[PDB]
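Structure record follows, encoded as structure tokens.
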Number of protein chains: 4
Amino acid sequence: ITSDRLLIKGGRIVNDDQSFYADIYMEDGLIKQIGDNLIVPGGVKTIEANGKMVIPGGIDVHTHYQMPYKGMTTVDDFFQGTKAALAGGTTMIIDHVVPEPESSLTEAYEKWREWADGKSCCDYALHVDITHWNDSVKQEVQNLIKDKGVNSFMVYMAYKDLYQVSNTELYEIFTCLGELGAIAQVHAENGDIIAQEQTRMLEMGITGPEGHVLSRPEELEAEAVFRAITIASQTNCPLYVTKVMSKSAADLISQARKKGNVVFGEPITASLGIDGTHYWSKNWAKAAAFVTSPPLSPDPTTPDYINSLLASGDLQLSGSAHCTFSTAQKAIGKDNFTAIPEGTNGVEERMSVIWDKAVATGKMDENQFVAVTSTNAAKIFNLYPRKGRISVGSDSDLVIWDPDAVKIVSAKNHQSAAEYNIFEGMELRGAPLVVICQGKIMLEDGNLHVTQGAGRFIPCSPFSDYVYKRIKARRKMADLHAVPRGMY
Amino acid sequence: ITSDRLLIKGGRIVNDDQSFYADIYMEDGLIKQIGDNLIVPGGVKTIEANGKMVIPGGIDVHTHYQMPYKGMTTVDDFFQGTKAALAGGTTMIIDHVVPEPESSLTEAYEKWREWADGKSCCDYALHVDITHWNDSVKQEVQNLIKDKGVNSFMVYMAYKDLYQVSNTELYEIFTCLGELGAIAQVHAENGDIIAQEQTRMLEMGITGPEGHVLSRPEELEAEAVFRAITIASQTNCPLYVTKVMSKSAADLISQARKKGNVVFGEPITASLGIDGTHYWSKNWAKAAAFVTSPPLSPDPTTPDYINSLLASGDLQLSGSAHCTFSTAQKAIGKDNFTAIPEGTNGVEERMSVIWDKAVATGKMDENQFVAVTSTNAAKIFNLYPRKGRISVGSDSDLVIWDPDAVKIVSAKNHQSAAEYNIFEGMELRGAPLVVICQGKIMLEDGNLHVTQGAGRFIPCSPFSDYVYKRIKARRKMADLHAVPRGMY
Amino acid sequence: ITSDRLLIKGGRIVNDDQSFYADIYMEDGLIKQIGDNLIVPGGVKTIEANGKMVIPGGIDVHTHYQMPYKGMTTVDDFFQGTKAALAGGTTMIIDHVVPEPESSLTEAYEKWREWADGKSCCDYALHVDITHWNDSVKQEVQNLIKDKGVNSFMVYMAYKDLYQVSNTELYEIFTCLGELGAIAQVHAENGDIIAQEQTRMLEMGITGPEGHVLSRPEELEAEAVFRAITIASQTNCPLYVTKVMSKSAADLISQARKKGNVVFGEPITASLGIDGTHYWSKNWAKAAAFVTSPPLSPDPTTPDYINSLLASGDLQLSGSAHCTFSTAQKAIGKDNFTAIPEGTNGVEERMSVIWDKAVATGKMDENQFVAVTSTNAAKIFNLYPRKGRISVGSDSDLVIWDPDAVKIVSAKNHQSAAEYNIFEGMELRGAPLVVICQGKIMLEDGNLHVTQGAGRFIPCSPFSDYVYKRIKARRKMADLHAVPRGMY
Amino acid sequence: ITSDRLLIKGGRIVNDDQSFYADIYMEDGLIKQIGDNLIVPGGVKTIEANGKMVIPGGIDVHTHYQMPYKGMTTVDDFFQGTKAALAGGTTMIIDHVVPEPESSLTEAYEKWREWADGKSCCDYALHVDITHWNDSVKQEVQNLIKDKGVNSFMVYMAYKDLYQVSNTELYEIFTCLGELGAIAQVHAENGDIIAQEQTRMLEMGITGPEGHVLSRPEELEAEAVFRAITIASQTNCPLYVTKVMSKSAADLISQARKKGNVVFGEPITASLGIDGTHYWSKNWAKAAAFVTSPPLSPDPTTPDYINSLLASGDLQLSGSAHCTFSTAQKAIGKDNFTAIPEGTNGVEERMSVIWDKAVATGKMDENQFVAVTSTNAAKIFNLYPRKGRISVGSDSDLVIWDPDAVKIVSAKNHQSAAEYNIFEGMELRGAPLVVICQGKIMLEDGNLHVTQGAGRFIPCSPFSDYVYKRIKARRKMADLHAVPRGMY
């Protein structure tokens with residue numbers, strides 16, 4: 001894409017590896033020059049930073065924009081949703097393609113590309129959820145990775161008699177995805193037990209939002225996480241844990257990474273920002289707004305712990321799992337929490353939450369902030385250094401970040417079409433002043449300047465080195481010597 | 001049972017709680033008097049101890065005497081097997097009743113009682129393996145606990161398409177067994193994955209004994225253990241992990257007990273005594289003799305670690321899982337390790353192994369030795385203080401133990417009908433000199449004096465306090481307050 | 001001591017090992033008979049229990065009755081203090097003998113015996129604090145253990161330039177105490193750093209009670225605990241950690257016990273009952289009442305965690321560290337928290353706190369309650385089965401315990417001469433109805449019937465088997481083989 | 001420094017963040033251009049890589065070249081030692097300046113600069129060991145950081161009555177070094193206890209090399225590491241653990257980094273390559289060659305574990321602690337191991353060992369290899385991207401690395417003046433083919449082309465962002481609110 005020549009002067013550039021004062025000159029969707037006191041053509045827009053930070057545009061790895069649900073749709077679509085992202089400093093999103101059981105994955109890919117190409121304000125990629133399994137689906141997975149630029153597929157361990165897969169199915173699927181060089185994602189909760197504990201919570205007459213959290217205690221996440229981690233290690237396939245919510249799940253990932261397992265852990269704005277004490281709100285609707293799987297841990301020590309592990313590297317990248325429904329849609333679970341559609345907000349609040357909860361708190365510094373907001377995502381999904389880096393050659397997706405900025409979050413002001421915001425009234429430190437996506441100024445002085453359909457689908461190639469170099473090294477060590485033995 | 005009056009003089013008595021020098025006078029299968037310088041009727045056999053230790057007779061909680069297998073039988077039956085037990089200082093055994101899938105559990109109970117009543121040299125109890133599940137089996141479990149004196153039922157997580165149970169089945173079964181007050185046992189290995197990894201190990205042309213261990217690495221035990229532990233905690237049902245073999249499984253039990261879970265861990269002589277490096281023996285038959293599930297960890301640090309955790313209380317009781325086949329029976333897996341019948345020896349070596357590997361090594365003292373050889377078993381299966389204690393009122397099952405004794409283990413000398421002994425050539429410190437079961441001298445000067453059928457079935461009542469007091473306390477804390485909420 | 005014949009009928013007896021319904025008949029300070037439907041002489045007082053629990057009388061292992069401090073004394077003396085103990089179900093106390101630096105330990109022993117013999121309502125023993133170190137003190141320690149019946153000596157790692165001992169001194173002292181067969185106790189806090197952090201907290205103008213907690217964060221306890229544990233392992237000497245307050249210290253003890261170290265951990269009523277959030281009270285005096293070393297962790301998750309580890313066996317016995325000062329005495333640290341005399345209440349509340357916080361919460365059962373309130377103390381200090389057990393032969397110190405009792409704690413009602421109670425207003429479940437010490441009824445219908453000086457000093461012999469059997473086994477394994485080597 | 005124009009064609013460039021095929025053109029000690037198919041002046045030396053790896057030149061952070069010892073010197077001086085480094089792919093070294101107790105640190109700095117400037121084949125920096133402490137030394141530390149370009153100072157916790165510092169001294173020193181912005185290094189072993197255990201090992205007549213390891217078991221490292229970590233956290237000062245040898249020390253660093261402490265851990269070639277079983281060699285001299293503090297763990301699982309933690313990021317950078325003495329020098333401890341001079345080889349073997357033990361084993365990939373061999377060192381000591389990166393602007397220190405190379409290590413072939421090599425006979429995978437330092441070819445076809453004195457002292461500035469951004473963030477959070485309180 002062609003676009004205006006743009007110079008940013010006097011900025012503190014911040015990447016995952018270092019910080020240094022320098023001017024940045026961008027042109028035609030790329031960063032052409034970086035340095036001090038540059039030779040710049042006249043008739044070119046200039047932005048004065050005054051030493052404010054300049055960082056790669058965020059990569060939200062988990063979104064559900066206009067997601068299908070019971071002949072219905074999430075109230076944030078690819079357009080309004082990407083407005084929310086950009087408003088919050090995020091310039092790329094990876095949305096989950098959810099083919100219906102007994103449906104084609106390729107046809108769901110077609111469905112999703114159409115939507116996002118026409119509506120997305122910013123660049124994007126897609127994950128494909130493997131909602132069912134057979135020879136025909138496997139064939140589609142090979143094609144999606146080869147031809148359609150998808151390197152990431154999620155399997156559900158929850159959702160009994162819907163999206164759930166057996167242990168044998170996980171073995172086959174992790175084996176296939178390891179061979180083909182893709183990132184095996186999991187929604188890691190034990191569906192078999194949750195299904196029972198839902199029926200138990202209803203039998204005790206607990207039909208409100210608190211029934212949701214109490215039906216899925218973090219014990220059932222940890223088990224799922226542990227079983228996934230285990231099967232993935234036996235197939236020598238890299239594992240990506242989606243939406244990490246509990247302290248026990250995060251410790252199992254930490255435990256496994258120390259051993260040497262190729263396991264990644266994605267916390268989301270919700271678990272990084274707030275706990276699940278609002279499931280017990282007197283206001284049904286407010287509590288219904290927090291209903292997502294896995295749930296916000298009622299253990300209020302969890303947010304701060306999750307931020308600690310994200311800082312230590314035991315978790316590597318942040319997402320939002322942005323999946324917003326209106327109160328009217330939540331309401332179809334008025335008298336039964338299992339019918340409440342699942343999902344909350346977070347896409348706009350993501351980067352400011354991490355800065356407030358991790359950076360301002362001294363847990364991590366601006367560089368690691370970049371790693372966990374953009375760069376590591378980019379390395380895992382094979383978008384580096386194209387994304388998540390302010391270097392020459394790299395796309396011109398970047399944010400002027402003010403660490404001294406302080407903004408209160410409210411549903412009045414957010415870009416989401418949700419009536420509620422789970423971070424309602426939270427004073428957060430640090431926010432974007434300016435956002436540049438595709439080299440164009442899409443945020444300045446509090447004003448969005450987006451264009452519908454502007455975003456381009458970025459294809460992601462298999463065998464990201466960050467992920468697959470060790471896996472390849474181990475593949476070529478599994479020569480099992482049988483014992484030389486005279487017969488009996 | 002009536003039996004001779006017997007006095008033991010000048011002995012160092014050793015229970016789980018203390019040691020003290022005192023004379024013991026027994027009569028009619030009971031201990032009548034304990035003390036210094038006793039008033040004893042003349043014409044009464046006297047045994048001089050010279051200060052050698054006197055301990056409760058061991059309780060082996062895991063045996064498979066004359067176990068059915070493919071229209072066949074283990075070469076140690078209830079008679080010869082209990083000779084082996086007594087030879088090794090063990091005076092009670094709990095054997096596993098294995099009803100065939102789609103068979104009656106009650107009819108298997110009948111089958112097993114007949115065999116043991118007629119052949120057992122010593123007292124015994126029974127576990128009943130829940131090899132399949134439905135309304136009719138549940139009804140049988142209620143009856144077995146109420147009428148037949150069985151308080152312990154095992155479920156298999158391994159053995160795909162044979163004994164395996166789903167997660168939903170484990171929830172129902174742990175719920176039932178918690179309500180009825182029984183001990184939920186598990187063979188904790190992941191069958192779904194092992195089944196695949198067996199097919200993989202055969203595809204690599206590894207058909208010998210090393211194929212067995214490599215098909216079931218300890219990762220697959222840990223997962224099964226963790227999933228059991230988790231489901232058991234959600235049903236508030238006490239968990240008993242059978243045949244603990246790996247360091248990772250033992251740590252998960254230790255991890256869970258510290259949190260407050262009611263979880264018990266049973267190592268066996270095999271894992272306490274030796275590692276799985278002999279799976280790679282050039283001699284097929286010798287390696288085929290070690291084939292048992294879960295396997296001996298090839299990690300040679302495992303024996304010593306298992307003994308450390310048994311000493312610390314993180315494991316509570318020892319077993320043997322005595323399940324011996326002849327080489328000729330093992331041989332039907334000549335060309336395919338999955339057809340090798342599974343099981344090894346250990347019943348005779350149990351107590352001497354623990355003394356050598358734990359007591360002589362300074363890890364645990366004689367008192368904790370008693371706890372992990374008899375008393376804790378007795379407390380868990382509700383046989384305390386009837387068994388596992390030298391006090392007045394208690395059955396007269398006891399051993400004169402020599403800690404300075406040193407004996408080499410060999411197949412030449414063992415009471416087993418196995419050609420091989422997995423502890424062949426092991427010099428062990430500590431062994432029994434005299435054994436008294438039912439008040440009768442069944443071992444002295446290296447000579448067994450047993451009687452076939454002498455043993456009596458001991459019924460075990462549900463709701464052992466050691467296990468169920470906390471479980472009962474928690475049952476009456478699960479009142480879940482629904483939120484008071486005006487309608488929308 | 002002679003005393004009335006006393007029968008207790010229809011009680012549920014509860015020891016550390018079992019529970020069973022039986023009558024108890026006591027005479028002349030001992031338990032003569034236990035059983036059903038006993039042959040009892042007429043003209044003998046009878047107590048009807050109606051199935052209420054009967055437990056061994058508590059052993060508080062940590063008290064500072066009328067402790068010297070700057071030409072002053074704690075407001076609870078040996079008489080009023082032991083009234084408080086008995087009021088709370090505790091029938092034995094072990095008080096800390098604190099000889100002044102450069103003073104004789106034997107002369108401090110003489111001082112303390114005089115006081116306690118003349119004032120104690122109940123039986124008692126003594127620890128002796130090793131407040132300084134040299135050849136002459138070592139000689140006194142040998143004599144105290146041989147002649148004076150003291151098997152327990154504490155060293156301070158805190159209190160710089162007062163009671164503090166170097167690492168080299170701890171090596172010598174743990175070596176001596178291991179050889180002589182005594183229990184090495186530690187006040188485990190790092191004095192060197194605390195001393196600095198006190199000066200730092202004053203420089204920030206923080207002179208109130210919150211200065212105390214903030215000057216000694218639990219990091220400094222953990223380090224001291226870890227260093228002690230380490231030195232103790234190198235000298236093969238058993239370690240007893242006094243007054244465990246933090247989660248990190250308790251984990252280090254748990255970590256060490258699993259490895260096989262002989263290490264014991266004593267939580268106190270304060271850390272089992274409440275947290276240190278009341279250090280920030282607006283009311284100076286109330287916050288000054290909580291000032292004790294190590295401090296109550298401000299981390300409010302700590303009480304519940306401490307109770308969990310006490311239940312799991314990772315901590316073994318409870319104390320109170322009863323060391324009460326009046327507000328007027330606390331006040332000498334009005335303008336400087338380092339001058340506040342250290343210590344709080346707990347002796348009366350000890351057993352009820354554990355029942356409320358651990359037993360009623362389902363964490364531990366009545367049997368483990370007995371272990372951690374009396375029996376394990378008795379085993380460690382070599383008072384078993386004399387104390388901490390309702391068996392024939394054992395002293396008649398026992399309590400009728402009502403688990404359904406519910407009492408509110410207040411300074412209005414306590415037996416302490418303290419104006420404040422750190423558990424003020426706490427509704428606790430479970431309390432004593434009747435208490436029998438030395439076979440006499442010292443509590444009934446809310447009324448104390450004590451006698452000053454009644455208590456007898458119980459001598460404690462070295463080399464308790466519970467502690468020293470493993471240590472002895474290891475002593476006789478440290479034969480270090482030098483390598484046979486031809487010269488160069 | 002001016003130097004030939006040099007082009008490297010057809011290479012696989014490998015940095016810590018990515019790998020990519022590109023040509024590299026160097027000139028005058030810098031990398032001028034990187035890219036495909038470059039515009040290059042004629043009359044310029046060209047090196048064909050054939051796709052072999054190109055990596056930043058290693059940074060050995062721990063060397064003791066011609067170190068003083070008892071009026072003596074290590075047999076590898078700054079010249080021959082840097083030959084060894086370069087032979088092994090290492091192009092920068094940081095040597096330890098060891099001022100004598102009661103000596104000037106500045107004068108030791110002068111001494112060391114003279115030596116290294118005149119002899120070093122490659123670039124270098126210096127650490128300064130704080131061997132004693134007072135007002136005058138502190139003043140020198142301020143000056144060294146401000147004027148002399150030193151940002152790293154080591155303190156000894158071992159070496160009683162020589163280099164040892166109290167806990168109070170560590171508090172002052174970590175406080176000073178935190179304020180001034182320097183890296184607090186520690187030799188973390190407990191000297192007080194080791195001193196005793198040496199005297200104990202001699203009293204048992206164990207005077208050979210095995211006496212050394214047995215006098216300093218890893219328990220005494222862990223404690224020192226833990227105490228350092230703790231004091232460093234209380235002073236908010238970054239900690240760098242030198243020469244990590246044991247599994248327990250590495251776990252304490254891992255434990256602390258997860259919590260959020262600024263703690264770094266430096267393993268050395270010795271602990272990464274081999275264990276301490278050769279302390280028991282019959283050949284005195286061979287065992288005497290392994291004598292270094294802390295010692296090689298006799299636990300043979302240690303090498304592989306250390307490599308695992310280096311891979312996981314729980315350790316960050318490698319060193320060698322190159323400190324070679326001749327057998328004749330070792331021999332002065334013939335009859336007493338405490339007189340054996342301490343230190344072994346490793347500088348030449350460093351990078352090949354890590355590749356063999358970590359990369360070829362699948363534990364870490366080529367990128368993380370770069371991080372732990374050069375880049376992370378460069379980030380911690382503030383030499384990034386000047387060093388440890390093949391980018392434009394960066395010094396031209398780089399190695400052509402062959403991962404398929406296989407070389408046997410021997411004393412016959414090494415560049416060291418040591419008669420022995422602790423890795424004698426070890427077949428290692430991966431080695432350098434070509435080495436370029438300062439843009440000059442210093443290794444090709446097995447031939448060194450060095451120049452004495454060529455190396456330049458690189459000054460290291462305080463407050464490396466990698467280290468100090470979080471520390472600065474926390475400094476400005478320690479505002480401790482005193483409670484507003486009306487007086488009493």
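Naming scheme: A, B, ... for chains in displayed order of the structure tokens; residues 1 onward per chain; ligands 1 onward as shown.
Using only C-alpha atoms, one finds that the residues of chain C close to chain B, at 7 Å or less, are residues 257, 258, 259, 260, 308, 309, 312, 362, 363, 364, 365, 469, 470, 473 and 474 of chain C.
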Now that the selection is made, can you save its residues with C-alpha atoms as a tab-separated table (two decimals), in the first residue's frame?
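Output contents, as saved in again24.tsv:
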```tsv
chain	number	residue	atom	x	y	z
C	257	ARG	CA	11.66	-32.47	55.83
C	258	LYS	CA	10.86	-34.00	52.44
C	259	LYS	CA	14.60	-34.26	51.69
C	260	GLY	CA	15.02	-36.09	55.01
C	308	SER	CA	-2.82	-26.10	56.19
C	309	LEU	CA	0.85	-27.01	56.75
C	312	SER	CA	-0.34	-31.83	56.46
C	362	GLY	CA	-11.97	-29.65	57.42
C	363	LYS	CA	-8.19	-29.26	57.11
C	364	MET	CA	-7.35	-31.73	59.92
C	365	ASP	CA	-9.39	-34.16	62.01
C	469	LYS	CA	17.18	-42.61	65.83
C	470	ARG	CA	17.83	-41.32	62.30
C	473	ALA	CA	21.94	-44.04	62.10
C	474	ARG	CA	23.62	-41.27	60.08
```
- [ ] List every residue of segment 231-436 of chain D that DSSP, applied to the backbone, labels as strand (DSSP E), and write the result as a PyMOL selection string.
- [x] chain D and resi 239-244+263-267+398-408+427-436
File dump, residues just selected, N, CA, C and O atoms, as a CSV table (one decimal), in the first residue's frame:
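Wrote it out as result.csv, contents follow:
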```csv
chain,number,residue,atom,x,y,z
D,239,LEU,N,21.8,-8.7,41.4
D,239,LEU,CA,22.8,-9.7,41.8
D,239,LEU,C,23.2,-10.5,40.6
D,239,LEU,O,22.4,-11.0,39.8
D,240,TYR,N,24.5,-10.8,40.6
D,240,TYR,CA,25.1,-11.7,39.6
D,240,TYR,C,25.9,-12.8,40.3
D,240,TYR,O,26.8,-12.5,41.0
D,241,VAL,N,25.4,-14.0,40.2
D,241,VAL,CA,26.0,-15.1,40.8
D,241,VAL,C,27.1,-15.7,39.9
D,241,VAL,O,26.8,-16.1,38.8
D,242,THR,N,28.3,-15.6,40.4
D,242,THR,CA,29.5,-16.1,39.6
D,242,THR,C,29.6,-17.6,39.7
D,242,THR,O,29.2,-18.2,40.7
D,243,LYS,N,30.2,-18.2,38.7
D,243,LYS,CA,30.5,-19.6,38.7
D,243,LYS,C,29.5,-20.5,39.4
D,243,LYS,O,29.7,-21.1,40.5
D,244,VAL,N,28.3,-20.7,38.8
D,244,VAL,CA,27.3,-21.6,39.2
D,244,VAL,C,27.6,-23.0,38.9
D,244,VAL,O,27.8,-23.4,37.7
D,263,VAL,N,18.3,-11.0,39.5
D,263,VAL,CA,19.3,-11.9,39.8
D,263,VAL,C,19.8,-12.6,38.5
D,263,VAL,O,18.9,-13.1,37.7
D,264,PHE,N,21.1,-12.7,38.3
D,264,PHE,CA,21.6,-13.4,37.1
D,264,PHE,C,22.5,-14.5,37.6
D,264,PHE,O,23.1,-14.4,38.6
D,265,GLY,N,22.6,-15.5,36.7
D,265,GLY,CA,23.4,-16.8,37.1
D,265,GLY,C,24.3,-17.2,35.9
D,265,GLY,O,23.8,-17.5,34.8
D,266,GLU,N,25.6,-17.2,36.3
D,266,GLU,CA,26.6,-17.5,35.3
D,266,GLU,C,27.2,-18.9,35.6
D,266,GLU,O,28.0,-19.1,36.6
D,267,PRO,N,26.8,-19.9,34.8
D,267,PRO,CA,27.5,-21.2,34.8
D,267,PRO,C,28.8,-21.1,34.0
D,267,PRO,O,28.9,-20.1,33.3
D,398,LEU,N,33.3,-11.7,15.0
D,398,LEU,CA,32.4,-12.7,14.6
D,398,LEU,C,33.1,-14.0,14.2
D,398,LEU,O,34.2,-14.0,13.8
D,399,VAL,N,32.3,-15.1,14.3
D,399,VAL,CA,32.8,-16.4,14.0
D,399,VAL,C,32.0,-17.2,13.0
D,399,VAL,O,30.8,-17.1,13.0
D,400,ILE,N,32.7,-17.8,12.1
D,400,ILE,CA,32.1,-18.8,11.2
D,400,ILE,C,32.0,-20.1,12.0
D,400,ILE,O,33.1,-20.7,12.3
D,401,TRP,N,30.8,-20.6,12.3
D,401,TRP,CA,30.6,-21.7,13.1
D,401,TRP,C,30.1,-22.9,12.3
D,401,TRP,O,29.2,-22.8,11.5
D,402,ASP,N,30.8,-24.1,12.5
D,402,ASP,CA,30.4,-25.3,11.8
D,402,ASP,C,29.7,-26.2,12.8
D,402,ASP,O,30.4,-26.7,13.7
D,403,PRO,N,28.4,-26.4,12.7
D,403,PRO,CA,27.7,-27.3,13.6
D,403,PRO,C,27.9,-28.8,13.4
D,403,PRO,O,27.7,-29.6,14.3
D,404,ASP,N,28.4,-29.1,12.2
D,404,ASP,CA,28.7,-30.5,11.9
D,404,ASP,C,30.2,-30.8,12.2
D,404,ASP,O,30.6,-32.0,12.1
D,405,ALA,N,31.0,-29.9,12.6
D,405,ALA,CA,32.3,-30.1,13.1
D,405,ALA,C,32.3,-31.0,14.3
D,405,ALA,O,31.4,-30.9,15.1
D,406,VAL,N,33.4,-31.8,14.4
D,406,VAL,CA,33.5,-32.7,15.6
D,406,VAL,C,35.0,-32.8,16.0
D,406,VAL,O,35.8,-33.3,15.2
D,407,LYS,N,35.3,-32.3,17.1
D,407,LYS,CA,36.7,-32.3,17.6
D,407,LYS,C,36.9,-32.9,19.0
D,407,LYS,O,36.0,-32.7,19.8
D,408,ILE,N,38.0,-33.7,19.1
D,408,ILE,CA,38.3,-34.3,20.4
D,408,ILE,C,39.2,-33.3,21.2
D,408,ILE,O,40.2,-32.7,20.6
D,427,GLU,N,34.8,-36.0,23.0
D,427,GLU,CA,34.4,-35.7,21.7
D,427,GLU,C,33.3,-34.6,21.7
D,427,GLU,O,32.2,-34.9,22.2
D,428,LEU,N,33.5,-33.5,21.1
D,428,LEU,CA,32.5,-32.4,21.1
D,428,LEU,C,32.0,-32.1,19.7
D,428,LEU,O,32.8,-32.1,18.8
D,429,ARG,N,30.7,-31.9,19.6
D,429,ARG,CA,30.1,-31.5,18.3
D,429,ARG,C,30.1,-30.0,18.2
D,429,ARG,O,29.7,-29.3,19.2
D,430,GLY,N,30.4,-29.5,17.0
D,430,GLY,CA,30.4,-28.0,16.8
D,430,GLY,C,31.7,-27.3,17.2
D,430,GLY,O,32.1,-27.5,18.4
D,431,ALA,N,32.3,-26.6,16.3
D,431,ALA,CA,33.5,-25.8,16.5
D,431,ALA,C,33.7,-24.7,15.5
D,431,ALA,O,33.1,-24.7,14.5
D,432,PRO,N,34.5,-23.7,15.8
D,432,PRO,CA,34.7,-22.6,14.9
D,432,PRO,C,35.7,-23.0,13.8
D,432,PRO,O,36.7,-23.7,14.0
D,433,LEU,N,35.4,-22.5,12.5
D,433,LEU,CA,36.3,-22.7,11.4
D,433,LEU,C,37.1,-21.4,11.3
D,433,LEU,O,38.3,-21.5,11.2
D,434,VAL,N,36.4,-20.3,11.2
D,434,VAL,CA,37.1,-19.0,11.1
D,434,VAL,C,36.6,-18.1,12.2
D,434,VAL,O,35.5,-18.2,12.7
D,435,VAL,N,37.5,-17.3,12.7
D,435,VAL,CA,37.2,-16.3,13.7
D,435,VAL,C,37.8,-14.9,13.2
D,435,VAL,O,38.9,-14.8,12.7
D,436,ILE,N,36.9,-13.9,13.3
D,436,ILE,CA,37.3,-12.6,13.0
D,436,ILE,C,37.1,-11.7,14.2
D,436,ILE,O,36.0,-11.6,14.8
```
Open item on the list: If we count only C-alpha atoms and set the cut-off at 12 Å, which residues sit around residue 457 of chain D, ignoring sequence neighbours fewer than 4 positions away in its own chain? Please answer as number ranges by chain.
Closed with: D: 92-95, 109, 112-127, 148-150, 453
Can you tell me, as a compact mmCIF listing (two decimals) with N, CA and C atoms, in the first residue's frame, what residues are no more than 6 Å from segment 85-91 of chain B when counting only C-alpha atoms, ignoring any on the same chain fewer than 6 positions away?
```txt
# COMPACT_ATOMS: atom_id res chain seq x y z
N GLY B 57 3.27 -57.84 62.42
CA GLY B 57 3.41 -58.56 61.16
C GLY B 57 3.01 -57.66 60.01
N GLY B 58 3.79 -57.70 58.93
CA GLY B 58 3.56 -56.82 57.79
C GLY B 58 2.20 -56.99 57.17
N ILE B 59 1.69 -55.92 56.55
CA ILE B 59 0.49 -56.00 55.73
C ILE B 59 0.84 -55.59 54.30
N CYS B 122 -2.22 -67.27 55.99
CA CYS B 122 -2.36 -66.15 56.90
C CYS B 122 -3.65 -65.39 56.64
N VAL B 347 6.70 -60.02 47.30
CA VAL B 347 5.98 -60.22 48.57
C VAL B 347 6.90 -60.64 49.72
N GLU B 348 7.86 -61.51 49.41
CA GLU B 348 8.82 -62.03 50.38
C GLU B 348 9.93 -61.02 50.69
N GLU B 349 10.26 -60.19 49.71
CA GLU B 349 11.41 -59.28 49.79
C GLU B 349 11.01 -57.91 50.36
N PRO B 432 13.55 -61.32 58.97
CA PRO B 432 12.88 -61.96 60.10
C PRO B 432 13.58 -63.24 60.56
N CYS B 437 1.99 -65.85 63.35
CA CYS B 437 0.74 -65.44 62.73
C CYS B 437 -0.35 -66.21 63.43
```
Open item on the list: Would you compute the distance between atom CA of residue 322 of chain A and atom CA of residue 426 of chain A? Give it in Å to one decimal.
Closed with: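 Between atom CA of residue 322 of chain A and atom CA of residue 426 of chain A the gap is 18.2 Å.
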TODO: Apply DSSP to the backbone of this structure and, from segment 58-239 of chain B, keep only the residues in helix (DSSP H, G or I); write these as JSON, numbers by chain.
DONE: {"B": [78, 79, 80, 81, 82, 83, 84, 85, 86, 87, 105, 106, 107, 108, 109, 110, 111, 112, 113, 114, 115, 116, 117, 118, 119, 135, 136, 137, 138, 139, 140, 141, 142, 143, 144, 145, 146, 167, 168, 169, 170, 171, 172, 173, 174, 175, 176, 177, 178, 179, 180, 191, 192, 193, 194, 195, 196, 197, 198, 199, 200, 201, 202, 203, 210, 211, 212, 213, 214, 215, 219, 220, 221, 222, 223, 224, 225, 226, 227, 228, 229, 230, 231, 232, 233, 234]}
